[PDB]
Amino acid sequence: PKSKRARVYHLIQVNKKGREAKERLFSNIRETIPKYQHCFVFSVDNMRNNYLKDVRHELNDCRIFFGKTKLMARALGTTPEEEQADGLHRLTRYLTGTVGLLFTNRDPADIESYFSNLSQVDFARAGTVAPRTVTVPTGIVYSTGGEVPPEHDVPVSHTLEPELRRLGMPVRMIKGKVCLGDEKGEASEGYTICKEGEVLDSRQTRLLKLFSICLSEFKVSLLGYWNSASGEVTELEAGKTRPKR
Amino acid sequence: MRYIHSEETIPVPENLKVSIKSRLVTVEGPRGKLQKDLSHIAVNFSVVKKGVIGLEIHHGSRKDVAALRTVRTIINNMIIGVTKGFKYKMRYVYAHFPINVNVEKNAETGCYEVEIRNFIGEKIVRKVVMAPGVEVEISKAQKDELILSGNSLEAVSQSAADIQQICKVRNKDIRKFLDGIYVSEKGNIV
RNA sequence: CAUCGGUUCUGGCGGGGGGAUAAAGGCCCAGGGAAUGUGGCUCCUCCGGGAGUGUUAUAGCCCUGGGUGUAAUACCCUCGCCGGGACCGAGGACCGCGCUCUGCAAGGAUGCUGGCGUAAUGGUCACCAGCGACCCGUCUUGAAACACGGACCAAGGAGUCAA
RNA sequence: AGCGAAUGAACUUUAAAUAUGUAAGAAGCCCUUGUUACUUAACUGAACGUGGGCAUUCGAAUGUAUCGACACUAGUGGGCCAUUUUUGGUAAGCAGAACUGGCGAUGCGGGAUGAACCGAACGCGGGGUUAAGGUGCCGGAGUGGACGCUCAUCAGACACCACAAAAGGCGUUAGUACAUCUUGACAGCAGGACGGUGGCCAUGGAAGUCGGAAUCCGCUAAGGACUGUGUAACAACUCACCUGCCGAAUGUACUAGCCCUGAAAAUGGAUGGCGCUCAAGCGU
RNA sequence: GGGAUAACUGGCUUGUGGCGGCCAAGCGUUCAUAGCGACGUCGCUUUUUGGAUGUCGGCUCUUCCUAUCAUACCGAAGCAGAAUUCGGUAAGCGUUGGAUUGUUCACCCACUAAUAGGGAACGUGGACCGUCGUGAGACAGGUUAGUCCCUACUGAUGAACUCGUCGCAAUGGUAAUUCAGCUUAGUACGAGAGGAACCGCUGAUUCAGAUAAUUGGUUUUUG
RNA sequence: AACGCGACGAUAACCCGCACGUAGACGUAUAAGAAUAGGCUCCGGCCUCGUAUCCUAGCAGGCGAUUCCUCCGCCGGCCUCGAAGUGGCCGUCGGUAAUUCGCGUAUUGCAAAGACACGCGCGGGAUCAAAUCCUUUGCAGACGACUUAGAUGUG
């Protein structure tokens, strides 16, 4: 009838992918199943996956898929009756959460030797426990919020003072410089944005983002493999405790 | 379409005591007393679990089912206010004339009075009276910020809205004159 | 008031016929099927309550064919019987048609009882009440609307007489 | 209707409806035979005479409060409106014919009221039953029954058009056609939103985002030589798109009802009034 | 000279032109093509250098509408302040002249807060005829056309309810307007030139209702 | 509001004479408030329903018993009722089928003018308490109307 929200059409080039992207991902995974030897599965639980492009470049030999998990489960074959190879329906029992596949031809020991050695500091996603009490000083607010010494710090942009105020900080600007209390200093107390052991919600995650502070570690957990010759699977370490269905 | 049945759920925590006489719902908790009358809508109130209130409409239209969703959150807001409370942190900023704020709790009728001076140099005192049940204190953590606290969300939000409206600039450009008192933080006590 | 006649209004009852000799339905007999799935069984936040499996078990339902069965009932048509009320009584020897024939409800109301003369029943006036209801004549016009006459009463007053 | 009949409204085997001319016996028919003043090649026609049958179905139905001829005698010789058909015209009104009907010389019931609407025609009375119209009160008669719809900041109200549109309505209900969906629909939240490439021209500057043109490719799960905010340019935020969490139906365009708006002046006033909201409104 | 309509409007009127082309959802003779066709856009009017008004008035007064000029309130604008501009709610309260003119408007000038526009059956205080003319014209030519009642309201009285005193208040009318000065303040704001407002205080115009101490005016106290 | 209402002050009891006795009674009986997607309550339970609850026998309702302390009414006494004003309790007195009887009711025939007592008023006169006219006043006046004053005084 009536009293309904008006859909905002987007005058933009990129449109919905729909059914054609479904079968194309089905086709590429099937076409890569008999090409490579070992089928690896990895999990990235609550981390930004912007460095997954970096593991694309370094592992230029391999072929690594990370999309919808139910599609990747149906592509490998959930039941033992319908599948592309033996033991592939054991991997579909592994694919539960945010997971991806990794087809490789090299020695299996060399792969989790790399993935144990991979470590890059990342911005914390919402829900993790904060490992440090970070705090902007009570005076003029800089770009990094006092992480670097202020003698080597640049002041924060004036356009961010909308977003800093909206995210919760009681900040002002005097004479074009964004300051928390007085321009010289003192006056106010300061803003502590996260505590020890507090679960980080959305807003302080965004505050750590624009202040360029990283409070988390990006590591990708390898779960298991299936071999084309051997035909069976082995749980590496991760799926022993990780919920699986 | 005359829907036969529609129901909704209000969970109640362990430290509460809710009572519904006819539609007069009262929630008693750690923070105090809350009470409101909902006789203007036809709702069937029942208990269906250990700590679950049930609210049902029988043989209703779309607007009768939609009236159950608004009364779900009003009662839930009464549950939140009597458990956790509501806090509004308003902040007053000025360019040249420093706005002065004084809060005194009046002996009769028990209502806080917030009186405001020197709003762009005006000589008029602006006395705004808070609703019965909301407490106003000058914040000592941050400069030039007011904190309104209370159990009734409607009372604390109306008292905050009354302060913003009374210090409104008139006949002057609002792109140049940014003086006023504005709500900044809006959440709970705990 | 009783017994009648004419008209009329309104209640109740006994039959008959018809439709798919209603369609249904109850109780049987035989075959089939399903879930808004009975009991059972498994899982099952156990006064309790959900999920799944499985065709009558400790519930039942649907579809088809047959019997009771020419079943009942609804609906439509129809042959009658009894009660309650109102309005009316025209005509004045016999004759006619009839019938249940020692006379009848058959070409129109009799029988019985009571009331009525210091008033039965009427009249006129005044007024109240409900409903109704433009001021007459003339003239114009399709018509209204205009227009002319009307202060009131009595007497007079206008198609006549000759060829 | 057909053209598996022919031919092609102007086609037809057949044939409408619907109004509208003409006949349906005895005062009638046919032919035979004669004449004429008429006519024709000619009783070929017209008229005058001749013959017959059927008078107890004499040649459809229905009705028939008589019909016709002659003579004599009064009053009349206007129109208005509507339906249908039809001729012409306008921006729209409108003008003219023909038929029928109403009013004219006509009372009564109803439409609150009334020349033109609906019902129905008239002695004086009693009884019964209806029509048109009504049954909340004024007002006789239902606050009758069944299923829905509608809330109007002067709704609507029973027998009717213009303003008025391919119009505006985050009002409400019903329906139609396409599309997505446990291969997790739309909405939300958590995130990614890359690399050649600060792509080429312009130029203090212009890196996606003042302009002109082009608008390609790798990784993909996806990502535009960019939807907006922004900067002097940057940066940063965002959208398109994509993934994780939840979990079941959605969402686009039209259609039909009822409702709002779709233009209003000026003494105070009108569904007839009161008033009516699961109506005392609207459809059956 | 003959014929024909007794006469006009009464859900009339207002703000957005016409013509041709392109596009076009729908409907239709059988289908968006027999064709009807809005919103836009294109061509013409129309572009590259900045006077118009005939009979009328003129004034007061009453009442109403709003289509609002001012005064109150808000929304928007590079709206810094000041001054404004556009729009919306609003009829409570007010609402000019002068020059010029036949008269008005337009324009110009002055004052003011502004000196808006309308309605009130558009409020209350010849008509031929005759005579002579006929290329046109007339007529000291004619006669004729062509209207004091009732009542509402207000004021003052008023019969009856025993006279008189003190009251209540249904209903009806209803009233206040606009400007300025002091302080805020030479302050916010501003490069400068300039330049507010709220609270508080004091006057003035108009309007309404009273009054005669004082100051004018008037003298059937004829002092 | 001259056809709305209230509080208050002072009145009109005598005597003589005479004119008449329902815009609709017939048991003219019945106080919670409040909600209606709830409420009442003996705290047992109850609610569609006023289809309820009180009263109701007796010559138009007699007389006398047997028998009963129930109901009704009048006066007080003490208190209560004020939105446009009443009931309660106690005491006296009068009446009183909750049970059972006896003596009357008739021929007004099957439904359709006597006496006594009490009110409402008229027509006289006498007894009150006022108002108006009268004379003065000028706070008032078109004329009515209005403010005063006139009975011994503060005239």
# chains A, B, ... in the order shown; residues from 1 in each chain; ligands from 1
call {"tool": "closest_atom_pairs", "arguments": {"of": "chain D", "to": "chain A", "cutoff": "12 Å", "atoms": "only C-alpha atoms (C1' of nucleotides)", "output": "tab-separated table"}}
result
residue	atom	partner	partner_atom	distance
D:169	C1'	A:2	CA	9.2
D:170	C1'	A:3	CA	4.0
D:171	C1'	A:2	CA	7.0
D:172	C1'	A:1	CA	7.3
D:173	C1'	A:1	CA	7.9
D:174	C1'	A:1	CA	10.0
D:175	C1'	A:1	CA	11.7
D:179	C1'	A:18	CA	11.5
D:180	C1'	A:18	CA	8.9
D:181	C1'	A:18	CA	11.5
D:182	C1'	A:70	CA	10.4
D:183	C1'	A:71	CA	6.9
D:184	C1'	A:70	CA	9.4
D:186	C1'	A:7	CA	11.0
D:187	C1'	A:5	CA	11.1
D:189	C1'	A:202	CA	9.7
D:190	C1'	A:126	CA	6.7
D:191	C1'	A:48	CA	6.4
D:192	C1'	A:50	CA	6.3
D:193	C1'	A:50	CA	9.8
D:194	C1'	A:53	CA	7.7
D:195	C1'	A:53	CA	9.4
D:215	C1'	A:13	CA	11.2
D:218	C1'	A:57	CA	10.8
D:219	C1'	A:53	CA	7.0
D:220	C1'	A:65	CA	8.6
D:221	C1'	A:67	CA	4.5
D:222	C1'	A:17	CA	9.5
D:223	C1'	A:14	CA	8.6
D:224	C1'	A:13	CA	6.1
D:226	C1'	A:12	CA	8.2
D:227	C1'	A:12	CA	6.8
D:228	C1'	A:10	CA	11.3
D:229	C1'	A:159	CA	9.9
D:230	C1'	A:159	CA	7.2
D:231	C1'	A:159	CA	9.2
D:234	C1'	A:157	CA	11.5
D:235	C1'	A:157	CA	8.7
D:236	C1'	A:160	CA	7.6
D:237	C1'	A:163	CA	8.4
D:239	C1'	A:10	CA	8.5
D:240	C1'	A:14	CA	5.7
D:241	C1'	A:14	CA	6.3
D:242	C1'	A:67	CA	8.9
D:243	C1'	A:67	CA	6.6
D:244	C1'	A:98	CA	6.2
D:245	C1'	A:97	CA	10.1
D:251	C1'	A:7	CA	9.8
D:252	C1'	A:7	CA	10.2
call {"tool": "select_by_dssp", "arguments": {"residues": "segment 122-177 of chain B", "states": "helix (DSSP H, G or I)", "output": "PyMOL selection string"}}
result
chain B and resi 153-166
call {"tool": "write_last_selection", "arguments": {"atoms": "N, CA, C and O atoms", "output": "JSON list (two decimals), in the first residue's frame"}}
result
[["chain", "number", "residue", "atom", "x", "y", "z"],
["B", 153, "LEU", "N", 13.82, 8.35, 30.75],
["B", 153, "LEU", "CA", 14.46, 8.86, 29.54],
["B", 153, "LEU", "C", 13.69, 10.04, 28.97],
["B", 153, "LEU", "O", 14.30, 11.00, 28.47],
["B", 154, "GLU", "N", 12.36, 10.01, 29.05],
["B", 154, "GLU", "CA", 11.56, 11.13, 28.56],
["B", 154, "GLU", "C", 11.82, 12.39, 29.38],
["B", 154, "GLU", "O", 11.81, 13.50, 28.83],
["B", 155, "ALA", "N", 12.06, 12.24, 30.68],
["B", 155, "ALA", "CA", 12.30, 13.41, 31.52],
["B", 155, "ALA", "C", 13.68, 14.01, 31.28],
["B", 155, "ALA", "O", 13.83, 15.23, 31.22],
["B", 156, "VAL", "N", 14.70, 13.16, 31.15],
["B", 156, "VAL", "CA", 16.06, 13.67, 30.96],
["B", 156, "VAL", "C", 16.23, 14.25, 29.56],
["B", 156, "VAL", "O", 16.96, 15.22, 29.36],
["B", 157, "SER", "N", 15.53, 13.68, 28.57],
["B", 157, "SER", "CA", 15.66, 14.18, 27.21],
["B", 157, "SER", "C", 14.89, 15.47, 27.01],
["B", 157, "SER", "O", 15.31, 16.35, 26.25],
["B", 158, "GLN", "N", 13.74, 15.61, 27.68],
["B", 158, "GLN", "CA", 12.98, 16.85, 27.60],
["B", 158, "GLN", "C", 13.69, 17.98, 28.34],
["B", 158, "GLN", "O", 13.68, 19.13, 27.88],
["B", 159, "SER", "N", 14.29, 17.67, 29.49],
["B", 159, "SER", "CA", 15.04, 18.67, 30.23],
["B", 159, "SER", "C", 16.26, 19.13, 29.45],
["B", 159, "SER", "O", 16.62, 20.31, 29.49],
["B", 160, "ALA", "N", 16.91, 18.21, 28.73],
["B", 160, "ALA", "CA", 18.02, 18.59, 27.87],
["B", 160, "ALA", "C", 17.54, 19.40, 26.68],
["B", 160, "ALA", "O", 18.22, 20.34, 26.25],
["B", 161, "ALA", "N", 16.38, 19.05, 26.12],
["B", 161, "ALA", "CA", 15.86, 19.78, 24.97],
["B", 161, "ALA", "C", 15.39, 21.17, 25.36],
["B", 161, "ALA", "O", 15.40, 22.09, 24.54],
["B", 162, "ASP", "N", 14.98, 21.35, 26.62],
["B", 162, "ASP", "CA", 14.52, 22.66, 27.07],
["B", 162, "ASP", "C", 15.69, 23.63, 27.22],
["B", 162, "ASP", "O", 15.53, 24.84, 27.02],
["B", 163, "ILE", "N", 16.86, 23.11, 27.59],
["B", 163, "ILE", "CA", 18.04, 23.97, 27.72],
["B", 163, "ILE", "C", 18.52, 24.44, 26.36],
["B", 163, "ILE", "O", 18.91, 25.60, 26.19],
["B", 164, "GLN", "N", 18.51, 23.54, 25.37],
["B", 164, "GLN", "CA", 18.97, 23.90, 24.03],
["B", 164, "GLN", "C", 18.07, 24.94, 23.39],
["B", 164, "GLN", "O", 18.55, 25.85, 22.69],
["B", 165, "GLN", "N", 16.76, 24.83, 23.61],
["B", 165, "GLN", "CA", 15.83, 25.76, 22.98],
["B", 165, "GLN", "C", 15.89, 27.15, 23.60],
["B", 165, "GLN", "O", 15.68, 28.14, 22.89],
["B", 166, "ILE", "N", 16.15, 27.24, 24.90],
["B", 166, "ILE", "CA", 16.05, 28.54, 25.57],
["B", 166, "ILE", "C", 17.25, 29.42, 25.24],
["B", 166, "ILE", "O", 17.13, 30.65, 25.22]]
call {"tool": "select_by_dssp", "arguments": {"residues": "segment 113-221 of chain A", "states": "strand (DSSP E)", "output": "list in words"}}
result
residues 120, 121, 122, 135, 136, 172, 173, 174, 177, 178, 179, 191, 192, 216, 217, 218 and 221 of chain A
call {"tool": "closest_atom_pairs", "arguments": {"of": "chain C", "to": "chain B", "cutoff": "12 Å", "atoms": "only C-alpha atoms (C1' of nucleotides)", "output": "Markdown table"}}
result
| residue | atom | partner | partner_atom | distance |
| --- | --- | --- | --- | --- |
| C:45 | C1' | B:49 | CA | 11.6 |
| C:48 | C1' | B:49 | CA | 11.9 |
| C:49 | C1' | B:49 | CA | 11.9 |
call {"tool": "write_last_selection", "arguments": {"atoms": "N, CA and C atoms (P, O5', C5', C4', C3', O3' and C1' of nucleotides)", "output": "PDB file, in the first residue's frame"}}
result
ATOM      1  P     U C  45      14.491 -30.207  26.498  1.00  0.00           P
ATOM      2  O5'   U C  45      15.396 -29.005  27.020  1.00  0.00           O
ATOM      3  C5'   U C  45      16.409 -29.216  27.992  1.00  0.00           C
ATOM      4  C4'   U C  45      16.474 -28.072  28.974  1.00  0.00           C
ATOM      5  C3'   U C  45      15.181 -27.754  29.709  1.00  0.00           C
ATOM      6  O3'   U C  45      14.952 -28.608  30.815  1.00  0.00           O
ATOM      7  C1'   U C  45      16.147 -25.750  28.898  1.00  0.00           C
ATOM      8  P     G C  48       2.861 -32.882  33.744  1.00  0.00           P
ATOM      9  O5'   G C  48       2.212 -31.618  33.025  1.00  0.00           O
ATOM     10  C5'   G C  48       2.384 -31.398  31.633  1.00  0.00           C
ATOM     11  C4'   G C  48       2.930 -30.020  31.360  1.00  0.00           C
ATOM     12  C3'   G C  48       3.167 -29.672  29.899  1.00  0.00           C
ATOM     13  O3'   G C  48       1.990 -29.277  29.218  1.00  0.00           O
ATOM     14  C1'   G C  48       5.069 -29.080  31.152  1.00  0.00           C
ATOM     15  P     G C  49       1.701 -29.820  27.734  1.00  0.00           P
ATOM     16  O5'   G C  49       2.899 -29.229  26.868  1.00  0.00           O
ATOM     17  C5'   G C  49       3.005 -27.833  26.635  1.00  0.00           C
ATOM     18  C4'   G C  49       4.345 -27.461  26.053  1.00  0.00           C
ATOM     19  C3'   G C  49       4.660 -28.025  24.679  1.00  0.00           C
ATOM     20  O3'   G C  49       4.029 -27.308  23.636  1.00  0.00           O
ATOM     21  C1'   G C  49       6.535 -28.294  26.083  1.00  0.00           C
TER      22        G C  49
END
call {"tool": "closest_atom_pairs", "arguments": {"of": "chain B", "to": "chain A", "cutoff": "12 Å", "atoms": "only C-alpha atoms", "output": "tab-separated table"}}
result
residue	atom	partner	partner_atom	distance
B:62	CA	A:1	CA	11.6
B:89	CA	A:170	CA	10.0
B:90	CA	A:170	CA	10.2
B:91	CA	A:170	CA	8.4
B:92	CA	A:170	CA	11.1
B:93	CA	A:172	CA	8.8
B:94	CA	A:172	CA	10.8
B:95	CA	A:174	CA	9.5
B:96	CA	A:174	CA	11.9
B:139	CA	A:188	CA	10.8
B:140	CA	A:188	CA	8.7
B:141	CA	A:189	CA	6.1
B:142	CA	A:188	CA	5.2
B:143	CA	A:188	CA	5.8
B:144	CA	A:188	CA	9.6
B:145	CA	A:170	CA	9.1
B:182	CA	A:170	CA	11.7
B:183	CA	A:166	CA	10.9
B:184	CA	A:168	CA	7.6
B:185	CA	A:168	CA	6.7
B:186	CA	A:168	CA	9.5
B:187	CA	A:168	CA	10.9
call {"tool": "residues_around", "arguments": {"residues": "residue 63 of chain E", "least_positions_apart": "4", "cutoff": "12 Å", "atoms": "only C-alpha atoms (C1' of nucleotides)", "output": "PyMOL selection string"}}
result
(chain D and resi 266-267) or (chain E and resi 119-120+123-124)
call {"tool": "residues_around", "arguments": {"residues": "segment 17-22 of chain D", "least_positions_apart": "4", "cutoff": "12 Å", "atoms": "only C-alpha atoms (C1' of nucleotides)", "output": "PyMOL selection string"}}
result
chain D and resi 84-85+99
call {"tool": "atom_distance", "arguments": {"atom1": "atom CA of residue 36 of chain A", "atom2": "atom CA of residue 72 of chain A"}}
result
16.4 Å
call {"tool": "closest_atom_pairs", "arguments": {"of": "chain B", "to": "chain E", "cutoff": "6 Å", "atoms": "only C-alpha atoms (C1' of nucleotides)", "output": "JSON lines"}}
result
{"residue": "B:122", "atom": "CA", "partner": "E:198", "partner_atom": "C1'", "distance": 5.3}
{"residue": "B:123", "atom": "CA", "partner": "E:199", "partner_atom": "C1'", "distance": 5.1}
{"residue": "B:124", "atom": "CA", "partner": "E:199", "partner_atom": "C1'", "distance": 4.1}
{"residue": "B:173", "atom": "CA", "partner": "E:79", "partner_atom": "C1'", "distance": 5.7}
call {"tool": "write_last_selection", "arguments": {"atoms": "N, CA, C and O atoms", "output": "mmCIF file, in the first residue's frame"}}
result
data_model
loop_
_atom_site.group_PDB
_atom_site.id
_atom_site.type_symbol
_atom_site.label_atom_id
_atom_site.label_comp_id
_atom_site.auth_asym_id
_atom_site.auth_seq_id
_atom_site.Cartn_x
_atom_site.Cartn_y
_atom_site.Cartn_z
ATOM 1 N N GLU B 122 23.755 39.083 26.787
ATOM 2 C CA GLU B 122 22.417 39.509 27.176
ATOM 3 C C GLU B 122 22.309 39.606 28.691
ATOM 4 O O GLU B 122 22.879 38.795 29.426
ATOM 5 N N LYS B 123 21.574 40.610 29.156
ATOM 6 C CA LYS B 123 21.420 40.852 30.582
ATOM 7 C C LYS B 123 20.294 40.044 31.205
ATOM 8 O O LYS B 123 20.130 40.081 32.428
ATOM 9 N N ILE B 124 19.524 39.321 30.405
ATOM 10 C CA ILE B 124 18.417 38.525 30.918
ATOM 11 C C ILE B 124 18.968 37.225 31.486
ATOM 12 O O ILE B 124 19.863 36.602 30.902
ATOM 13 N N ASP B 173 22.957 35.693 12.211
ATOM 14 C CA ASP B 173 23.403 34.609 11.344
ATOM 15 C C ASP B 173 23.957 33.460 12.179
ATOM 16 O O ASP B 173 24.735 33.675 13.111
#
call {"tool": "interface_residues", "arguments": {"of": "chain B", "to": "chain D", "cutoff": "12 Å", "atoms": "only C-alpha atoms (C1' of nucleotides)", "output": "PDB file with N, CA, C and O atoms, in the first residue's frame"}}
result
ATOM      1  N   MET B   1      -6.185  -6.450   7.209  1.00  0.00           N
ATOM      2  CA  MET B   1      -6.252  -7.884   6.968  1.00  0.00           C
ATOM      3  C   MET B   1      -6.834  -8.617   8.169  1.00  0.00           C
ATOM      4  O   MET B   1      -7.210  -9.785   8.059  1.00  0.00           O
ATOM      5  N   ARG B   2      -6.907  -7.913   9.302  1.00  0.00           N
ATOM      6  CA  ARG B   2      -7.448  -8.425  10.564  1.00  0.00           C
ATOM      7  C   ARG B   2      -6.676  -9.665  11.034  1.00  0.00           C
ATOM      8  O   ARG B   2      -7.180 -10.789  11.037  1.00  0.00           O
ATOM      9  N   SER B  61      -5.593  -4.945  13.303  1.00  0.00           N
ATOM     10  CA  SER B  61      -5.148  -4.463  12.006  1.00  0.00           C
ATOM     11  C   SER B  61      -3.637  -4.270  12.055  1.00  0.00           C
ATOM     12  O   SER B  61      -2.976  -4.664  13.018  1.00  0.00           O
ATOM     13  N   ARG B  62      -3.086  -3.668  11.001  1.00  0.00           N
ATOM     14  CA  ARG B  62      -1.651  -3.405  10.977  1.00  0.00           C
ATOM     15  C   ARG B  62      -1.264  -2.380  12.034  1.00  0.00           C
ATOM     16  O   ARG B  62      -0.203  -2.494  12.658  1.00  0.00           O
ATOM     17  N   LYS B  63      -2.111  -1.372  12.253  1.00  0.00           N
ATOM     18  CA  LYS B  63      -1.783  -0.346  13.238  1.00  0.00           C
ATOM     19  C   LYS B  63      -1.932  -0.862  14.663  1.00  0.00           C
ATOM     20  O   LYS B  63      -1.367  -0.275  15.593  1.00  0.00           O
TER      21      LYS B  63
END
call {"tool": "residues_around", "arguments": {"residues": "residue 96 of chain F", "least_positions_apart": "5", "cutoff": "12 Å", "atoms": "only C-alpha atoms (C1' of nucleotides)", "output": "PyMOL selection string"}}
result
chain F and resi 68-73
call {"tool": "interface_residues", "arguments": {"of": "chain F", "to": "chain B", "cutoff": "12 Å", "atoms": "only C-alpha atoms (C1' of nucleotides)", "output": "NGL selection string"}}
result
:F and (35-39)
